[PDB]
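So the structure is just underneath, and the comments pick up after that.
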Amino acid sequence: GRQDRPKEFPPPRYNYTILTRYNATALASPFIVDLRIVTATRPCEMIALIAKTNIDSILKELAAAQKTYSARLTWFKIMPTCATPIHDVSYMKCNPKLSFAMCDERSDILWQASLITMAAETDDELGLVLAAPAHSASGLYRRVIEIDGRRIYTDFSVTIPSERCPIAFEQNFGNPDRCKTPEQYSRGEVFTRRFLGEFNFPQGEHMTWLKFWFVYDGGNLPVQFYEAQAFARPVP
Amino acid sequence: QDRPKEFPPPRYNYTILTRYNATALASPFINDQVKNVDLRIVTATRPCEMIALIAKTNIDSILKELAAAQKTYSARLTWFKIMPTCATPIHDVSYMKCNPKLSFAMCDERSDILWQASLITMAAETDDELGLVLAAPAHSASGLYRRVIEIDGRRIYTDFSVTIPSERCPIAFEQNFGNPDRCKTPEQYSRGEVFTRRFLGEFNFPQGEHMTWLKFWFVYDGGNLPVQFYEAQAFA
Ligand SMILES: *[C@@H]1O[C@H](CO)[C@@H](O[C@@H]2O[C@H](CO)[C@@H](O)[C@H](O)[C@H]2NC(C)=O)[C@H](O)[C@H]1NC(C)=O
Ligand SMILES: *[C@@H]1O[C@H](CO)[C@@H](O[C@@H]2O[C@H](CO)[C@@H](O)[C@H](O)[C@H]2NC(C)=O)[C@H](O)[C@H]1NC(C)=O
Ligand SMILES: *[C@@H]1O[C@H](CO)[C@@H](O)[C@H](O)[C@H]1NC(C)=O
Ligand SMILES: [Mg+2]
Ligand SMILES: [Mg+2]
């Protein structure tokens, strides 16, 4: 069945409008937290950075306040001296009675360009799936959710084996053009629109193509994407 | 504004060999035969245009010879931007099991369809797969583009001199074509070190789908879509 390209896709959860012109403010610095563990046990795994957040607490506050809000989602890979934004979306005109990112408007759906065919958001748009990342994708990933000025942080400690994966692709996450120093964030000099590419397919279609491309390359699709576990406190 | 759901039917059903690794890229620097390369002119006079790099070749005469020889054949298509000290490959496809009774690239097999990752959403092949369309390129995309068609060991060259207004296009994206990571010196080519699989990304949509999405995305950004694409005029 791997031959047949898909032609029907899950219907989107909400019909938004993409404001192609919207110039977001400079990125708030990611250098300051809930820590999740993601470790691959084999080469060429499809891994999932998924983690629930007590955010519906915040949206109930906004919903009772009868206030529609703007928000923002950004994924960073954190290096020892810099941080690379790899996925970024701005949201506006959100009804707080709905789920996050079910908003009337949004910026371009922005990605590090070489990630387009190797990554996608999960169904609730808050998680990130990586198809066969290389060993160099090991490290620390930080999800920053911005909702009405407040910021929720989630860290993912990701382990990829060093055995070569024949379908992996080197992402050079630490290249200085995309790996921004703490100063560049502080001076307000980091604008995702300038160096991240757009890919405005809805998540349902992006994910559908990611799975089809991965299996077509010979990957083994997991039965189920699982929430990344919190770091395990020791057992006496 | 409403997303496309019907696409032109493909010219030919082909199989993509995702594992295939082409041999190193032949140097595009043809210092010896600089004088006789078919050179075309392509100029935009307003910002944010969609331009086409189209040029007929004598490829059909080569295909007739192979057809008379009943010779199933291999072939390669590669586009470069030629800078003064290096050359950036920006699109690359290898073709195998080619039936010489058909048109170029109507082949039973091919490699991944490779692009500079940041071009995916801003470029696409034309219907015969030999031309190249750029949607809202920036001023820095001005310059010399060289198309290298390799067929049964033979190589056909077409050069395009492209001019883009200096005024900033608001929907354009900087491609950093001159970056050493992707712009390769003549020595790197001669030493057999340039492997497109290493550093170009894939976009395995058939041309008809890629071209359809390209047009829809351009128009959605407020681009003016030209009535039709024309062959570039020769240097006169
Ligand atoms: C998003 O938009 C689509 C298309 O406008 C909606 O699907 C249509 O919904 C209307 C009203 O119920 C039906 O009459 C049509 O038959 C549906 N299909 C089409 C092709 O128009 C879809 O329900 C919308 N979803 C949300 C969450 O607003
Ligand atoms: C096949 O193409 C790959 C690029 O996708 C080349 O990979 C690198 O080649 C160099 C030199 O041979 C090695 O030092 C690297 O370790 C290779 N990378 C990986 C990820 O293995 C490869 O050289 C090509 N195959 C050849 C030339 O036989
Ligand atoms: C491609 O294959 C489908 C069947 O999967 C067929 O119906 C279609 O006609 C084929 N296209 C061409 C151009 O042969
Ligand atoms: Mg692939
Ligand atoms: Mg756009």
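For segment B:179-232, taking the residues that are in a loop (DSSP other than H, G, I, E, B) and of a type in the set (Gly, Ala, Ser), the one that is nearest to the other protein chains (Cβ to nearest Cβ) is identified as B:222. Screening B:2, B:32, B:38, B:60 for residues that are among the acidic types (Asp, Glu) and in contact with a strand residue (DSSP E or B) (Cβ under 6 Å, 6 or more places away or on another chain) leaves exactly one candidate, B:38.
Output the residue which, of all residues in segment A:145-178 that are farther than 22 Å from residue A:38 by Cα and buried (at least 17 other Cβ atoms within 10 Å of the Cβ), is nearest to the other protein chains (Cβ to nearest Cβ). Across segment A:145-178, the extreme among qualifying residues is A:178.
Restricting B:20, B:95, B:14, B:73 to residues that are surrounded by fewer than 16 Cβ atoms within 10 Å (Cβ to Cβ) and of a type outside the set (D, E, K, R) narrows the list to B:20. Restricting attention to segment B:202-236, which residues are touching a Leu at 6+ places or on another chain (Cβ under 7 Å) and more than 23 Å from residue B:41 (Cβ to Cβ)? Correct list: B:202, B:215, B:219. Does segment A:132-144 contain at least one residue that is in contact with a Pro (Cβ under 9 Å, 6 or more places away or on another chain), among the charged types (D, E, K, R) and surrounded by fewer than 23 Cβ atoms within 10 Å (Cβ to Cβ)? Looking for residues that are in contact with a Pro (Cβ under 9 Å, 6 or more places away or on another chain), among the charged types (D, E, K, R) and surrounded by fewer than 23 Cβ atoms within 10 Å (Cβ to Cβ), one finds at least one in segment A:132-144, hence yes. Scanning segment B:116-136 for residues that are in a strand (DSSP E or B) and among the charged types (D, E, K, R) gives a single hit, B:125.
No lab work stands behind these numbers, since they all come straight from the coordinates. Using ideal geometry, Cβ is built from the backbone for each residue, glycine included, and neighbour counts are taken over all protein chains shown.
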